[PDB]
Structures are given as structure tokens and as C-alpha cells.
A.B. asks: 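The structure is given below, and queries will be raised subsequently.
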Amino acid sequence: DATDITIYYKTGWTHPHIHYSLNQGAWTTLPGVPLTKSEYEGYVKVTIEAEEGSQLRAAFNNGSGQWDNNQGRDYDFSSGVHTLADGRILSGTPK
Ligand SMILES: OC[C@H]1O[C@H](O[C@H]2[C@H](O)[C@@H](O)[C@@H](O[C@H]3[C@H](O)[C@@H](O)[C@@H](O[C@H]4[C@H](O)[C@@H](O)[C@@H](O)O[C@@H]4CO)O[C@@H]3CO)O[C@@H]2CO)[C@H](O)[C@@H](O)[C@@H]1O
Ligand SMILES: OC[C@H]1O[C@H](O[C@H]2[C@H](O)[C@@H](O)[C@@H](O[C@H]3[C@H](O)[C@@H](O)[C@@H](O[C@H]4[C@H](O)[C@@H](O)[C@@H](O)O[C@@H]4CO)O[C@@H]3CO)O[C@@H]2CO)[C@H](O)[C@@H](O)[C@@H]1O
Ligand SMILES: OC[C@H]1O[C@H](O[C@H]2[C@H](O)[C@@H](O)[C@@H](O[C@H]3[C@H](O)[C@@H](O)[C@@H](O)O[C@@H]3CO)O[C@@H]2CO)[C@H](O)[C@@H](O)[C@@H]1O
């Protein structure tokens, strides 16, 4: 069973960050943790260390105060691998 929370994110932002609360804990210090270039063009990625059965709530930003926050609701990610593209989350890698 999956542990870490791994996220692929479709963006053209050069300095994308993920700001998050893991398992309802503290929010990261703004602007959060950078995502890194992925193996897929147009996607960056990050793996957030977590235990089995974890979930985090997240808002993305461009490292200079522009946001992607799911209509103000934030995005929910669970343990395992998911891809966020254009506001929609699916399991696994870029389609
Ligand atoms: O590469 C082809 C495309 O390149 C350009 O798109 C870029 C944008 O310039 C970037 O700003 C960024 O897009 C941001 C977007 O600016 C931001 O609002 C946000 O959009 C989300 C939205 O929050 C969400 O609720 C849902 O509607 O999906 C949106 C994305 O569709 O997040 C974006 C991602 O960080 O990155 C895109 C490339 O991914 C150019 O403008 C496009 O016309 C061109 O096709
Ligand atoms: O604490 C000792 C440090 O003092 C000096 O750093 C100062 C800067 O000179 C100030 O400008 C400011 O820095 C801001 C910065 O202006 C701002 O752009 C932002 O930078 C972020 C960025 O948004 C984010 O996307 C990511 O890239 O990280 C960047 C760095 O965090 O935020 C800065 C504050 O975090 O304040 C700092 C001190 O806090 C001196 O230059 C440093 O060498 C020294 O360590
Ligand atoms: O809700 C309106 C509120 O928005 C602004 O507050 C933001 C902070 O300025 C910002 O730092 C961030 O706070 C988080 C910290 O970064 C993190 O270290 C930690 O302590 O969790 C914080 C959130 O719980 O986000 C808040 C909320 O957007 C603005 O400054 C406020 O005046 C305003 O009331």
C-alpha cells in the first residue's frame, strides 16, 4: 500500500511551488515546496514524504504570488501517484 504522495502537475510556470497541509497538520511556510522538472514535457513533479493512508490539501503557485487553488477549494491528494491537469486529478501519470 502506497505511502508517499507523488504529484505530477501540468504547468508552464518556471518556479512552481506546492503549498500544503499534510494529514491536517501545519500549512507549509508560504510559498511552499518547489516542484522539479518531470520526465514529461509540460509537467513538473514532487514527492511529499508520508505514511500509508495519508492525504494532503494543496494550492499551487508560481513562486511569485499567482495561484492555482481549485476555485478556492484546494486540491486533495492521497498516498500514491496522481496527476493534476487543468483542475482535474487522476491516478497515475500524464495521459
Ligand atoms: O503550453 C501551452 C500553453 O502555455 C500557456 O499556459 C500556461 C500558462 O501561461 C501558465 O500561467 C500556467 O497556467 C496556470 C494558470 O495561469 C492558472 O490560472 C492555473 O489555471 C488552472 C486553474 O487554476 C484551474 O482551476 C483549472 O481551470 O485549470 C487551470 C489550468 O487549465 O494554473 C495553471 C497551471 O499552473 O501554465 C499553463 C501551461 O500548463 C498558455 O497560456 C496557453 O494558452 C498555452 O496553451
Ligand atoms: O535572513 C538573512 C537573509 O537576508 C537577505 O534576504 C532578504 C532579502 O534581501 C529580501 O528581499 C527578502 O527576500 C524575499 C524576496 O524579496 C522575495 O522575492 C521572496 O523570495 C522567495 C521567492 O518568492 C520564492 O519563489 C522562492 O524562490 O524563494 C525565494 C527566497 O525565499 O521571499 C524572500 C523572503 O523569503 O527577505 C530576505 C530575508 O528573509 C539576504 O539576501 C540573504 O542572503 C540572507 O540569508
Ligand atoms: O484569510 C485572509 C488572510 O490572508 C493572509 O494570510 C495568509 C498569510 O499571510 C500567509 O503567510 C499564509 O499563512 C500560513 C503560513 O505561511 C504558514 O507558515 C502557517 O503559519 O500557516 C498559515 C495559514 O494557516 O496564508 C494566510 C492565509 O491566506 C493575510 O496576511 C491575512 O491578513 C488575512 O487575514
Side-chain angles (χ1 to χ4, degrees):
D1 261 18
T3 61
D4 299 332
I5 295 175
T6 287
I7 297 167
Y8 292 77
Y9 180 49
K10 183 179 161 176
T11 185
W13 289 339
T14 296
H15 309 291
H17 286 71
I18 184 175
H19 176 58
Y20 65 87
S21 166
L22 171 66
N23 296 318
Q24 294 208 278
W27 281 83
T28 47
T29 306
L30 253 193
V33 169
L35 301 101
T36 57
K37 275 150 282 183
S38 83
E39 68 277 20
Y40 299 109
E41 52 223 324
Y43 289 87
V44 300
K45 72 178 177 179
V46 73
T47 296
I48 304 306
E49 184 169 49
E51 288 182 38
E52 155 157 55
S54 292
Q55 194 144 118
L56 65 76
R57 295 171 290 159
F60 297 83
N61 64 259
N62 81 159
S64 293
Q66 307 283 318
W67 295 84
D68 175 13
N69 64 15
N70 197 22
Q71 315 305 329
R73 297 172 291 175
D74 301 327
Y75 294 107
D76 301 310
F77 298 96
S78 61
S79 292
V81 181
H82 299 89
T83 295
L84 169 60
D86 305 317
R88 306 212 333 84
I89 296 170
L90 290 177
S91 271
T93 44
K95 302 290 191 166

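Values below: every heavy atom of this structure, side chains too, minus hydrogens, waters and symmetry copies. We number each residue from 1, following the sequence as shown. When a ligand or atom number is given, it counts from 1 through the structure's own listing order.
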A.B. asks: Is there a side-chain contact between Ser79 and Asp1 in this structure, where contact means two heavy atoms from C-beta onward sitting under 4.5 Å apart?
C.D. replies: no

A.B. asks: Write out the residue and atom name of the closest protein heavy atom to atom 22 (C) of ligand 1, then the distance separating them to 0.1 Å.
C.D. replies: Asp68 OD1, 3.4 Å

A.B. asks: Does a side-chain heavy-atom distance below 4.5 Å link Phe60 with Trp13?
C.D. replies: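 Contact flag for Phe60/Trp13 side chains = yes.
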
A.B. asks: So do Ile18 and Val33 actually touch side chain to side chain, heavy atoms under 4.5 Å?
C.D. replies: yes

A.B. asks: Looking only at protein heavy atoms, which one is nearest to atom 33 (C) of ligand 1, and how far off is it?
C.D. replies: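 Residue, atom and distance for the closest contact: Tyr9 OH, 4.1 Å.
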
A.B. asks: Look up atom 16 (O) of ligand 3 and tell me if a protein heavy atom lies less than 4.0 Å from it?
C.D. replies: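 Yes; the ligand atom in question has protein heavy-atom contact below 4.0 Å.
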
A.B. asks: Checking a contact table here: which protein heavy atom is nearest atom 21 (O) of ligand 3, and how many Å away?
C.D. replies: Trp27 CB, 3.7 Å

A.B. asks: I'd like to check the salt bridge (charged side-chain N to carboxylate O under 4.0 Å, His left out) partners of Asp86; sequence neighbours left out, ordered by chain and number.
C.D. replies: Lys10

A.B. asks: Quick test: of every protein heavy atom, which one is nearest to atom 37 (C) of ligand 1, and how far off is it to 0.1 Å?
C.D. replies: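 So the nearest neighbour among protein heavy atoms is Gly12 N, 3.7 Å.
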
A.B. asks: Measure from atom 25 (O) of ligand 2 to the protein's non-hydrogen atoms and state whether any distance is below 4.0 Å.
C.D. replies: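 So far as the 4.0 Å threshold goes, atom 25 (O) of ligand 2 is in reach of a protein heavy atom.
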
A.B. asks: Do me a favour and list the nearest non-hydrogen protein atom to atom 18 (O) of ligand 1 with residue, atom name and distance?
C.D. replies: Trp67 O, 4.3 Å

A.B. asks: Quiz question for you: does at least one protein heavy atom lie closer than 4.0 Å to atom 35 (O) of ligand 1?
C.D. replies: yes

A.B. asks: Relative to ligand 2, is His17 under 4.0 angstrom through side chain, backbone, both or neither, heavy atoms considered?
C.D. replies: side chain

A.B. asks: State the atoms of ligand 1, each with its element, that fall below the 4.0 Å cut-off from a heavy-atom position in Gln71.
C.D. replies: 25 (O)

A.B. asks: So how far is it from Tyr75 OH to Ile89 CD1, rounded to the nearest 0.5 Å?
C.D. replies: 7.0 Å

A.B. asks: Could an N or O of ligand 1 be found under 3.5 Å from any N or O of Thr11, whether backbone or side chain?
C.D. replies: yes

A.B. asks: Hey, which of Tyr8, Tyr40, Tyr9 is the one that makes side chain to side chain contact (heavy atoms under 4.5 Å, CB included) with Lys45?
C.D. replies: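 The passing option is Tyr8.
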
A.B. asks: Output yes when a protein non-hydrogen atom is found under 4.0 Å of atom 1 (O) of ligand 1, and no otherwise.
C.D. replies: no

A.B. asks: Considering heavy atoms of the protein only, find what lies nearest to atom 18 (O) of ligand 3 and give residue, atom and distance to 0.1 Å.
C.D. replies: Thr29 CA, 3.7 Å

A.B. asks: Please write down residue, atom name and distance for the protein heavy atom closest to atom 17 (C) of ligand 1.
C.D. replies: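 For atom 17 (C) of ligand 1, the nearest protein heavy atom is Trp13 CZ2, 4.1 Å.
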
A.B. asks: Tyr43 versus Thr93: any side-chain heavy-atom pair under 4.5 Å?
C.D. replies: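 No; the side chains remain at least 4.5 Å from each other.
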
A.B. asks: Decide yes or no for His19 and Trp67: does some side-chain heavy atom of the first lie under 4.5 Å from some side-chain heavy atom of the second?
C.D. replies: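 In contact.
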
A.B. asks: Given that the side chain starts at C-beta and the backbone is N, CA, C, O, which of these parts of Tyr75 lies under 4.0 Å from ligand 1, counting heavy atoms, or is it both or neither?
C.D. replies: side chain

A.B. asks: Walk me through it: do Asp68 and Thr11 pass the test side chain to side chain contact (heavy atoms under 4.5 Å, CB included)?
C.D. replies: CA-CA 10 Å; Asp68 175 13; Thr11 185; over 6 Å; no

A.B. asks: Below 4.0 angstrom, counting only protein heavy atoms, does anything approach atom 44 (C) of ligand 1?
C.D. replies: no

A.B. asks: Determine, counting only non-hydrogen atoms of the protein, whether one lies under 4.0 angstrom from atom 4 (O) of ligand 1.
C.D. replies: no

A.B. asks: Within 4.0 Å of atom 41 (O) of ligand 1 (strictly less), any protein heavy atom?
C.D. replies: no

A.B. asks: Under 4.5 Å between any side-chain heavy atoms of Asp76 and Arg57, yes or no?
C.D. replies: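 Sidechains of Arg57 and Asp76: in contact.
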
A.B. asks: Hey, is atom 12 (C) of ligand 3 touched by any protein heavy atom at less than 4.0 Å?
C.D. replies: yes

A.B. asks: Is the closest protein non-hydrogen atom to atom 8 (C) of ligand 2 under 4.0 Å?
C.D. replies: no

A.B. asks: Can you tell me how far the CZ atom of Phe77 sits from the CD1 atom of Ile5, to the nearest 0.5 Å?
C.D. replies: 9.0 Å

A.B. asks: I need the atoms of ligand 2 closer than 4.0 Å to a non-hydrogen atom of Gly63, numbered in the order shown.
C.D. replies: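 Those atoms are 22 (C), 23 (O), 24 (C), 25 (O).
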
A.B. asks: Rounded to the nearest 0.5 Å, how far does CD1 of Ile48 lie from CG of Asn23?
C.D. replies: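 The distance works out to 12.0 Å.
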
A.B. asks: How far is atom 10 (C) of ligand 3 from the closest protein heavy atom, and which atom is that?
C.D. replies: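 Looking at atom 10 (C) of ligand 3, the protein heavy atom closest to it is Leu30 CD1, 3.5 Å.
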
A.B. asks: Is there a polar contact, in the sense of an N or O pair closer than 3.5 Å, between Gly42 and ligand 1?
C.D. replies: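 Checking ligand 1 against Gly42, no N or O pair falls under 3.5 Å apart.
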
A.B. asks: Considering both backbone and side-chain atoms of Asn69, is one of its nitrogen or oxygen atoms within less than 3.5 Å of a nitrogen or oxygen in ligand 1?
C.D. replies: no

A.B. asks: If you round to the nearest 0.5 Å, how far is CD of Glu51 from OG1 of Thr3?
C.D. replies: 9.0 Å

A.B. asks: Flag yes if more than 12 heavy atoms outside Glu41 fall under 6.0 Å of its CD atom; otherwise flag no.
C.D. replies: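 At most 12 heavy atoms, drawn from other residues, nucleotides or ligands, come within 6.0 Å of this atom.
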
A.B. asks: Is there a protein heavy atom less than 4.0 Å away from atom 7 (C) of ligand 3?
C.D. replies: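 Under the 4.0 Å cut-off, atom 7 (C) of ligand 3 has no protein heavy-atom neighbours at all.
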
A.B. asks: Roughly how far, to the nearest 0.5 Å, is OG of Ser64 from NE2 of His17?
C.D. replies: 9.0 Å

A.B. asks: Please check if the side chain of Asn69 supplies one atom and the backbone of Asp74 the other of a donor-acceptor pair under 3.5 Å.
C.D. replies: no

A.B. asks: Hey, is atom 1 (O) of ligand 3 touched by any protein heavy atom at less than 4.0 Å?
C.D. replies: no

A.B. asks: Report the nearest protein non-hydrogen atom to atom 29 (C) of ligand 1: residue, atom name, distance rounded to 0.1 Å.
C.D. replies: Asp86 CA, 4.2 Å

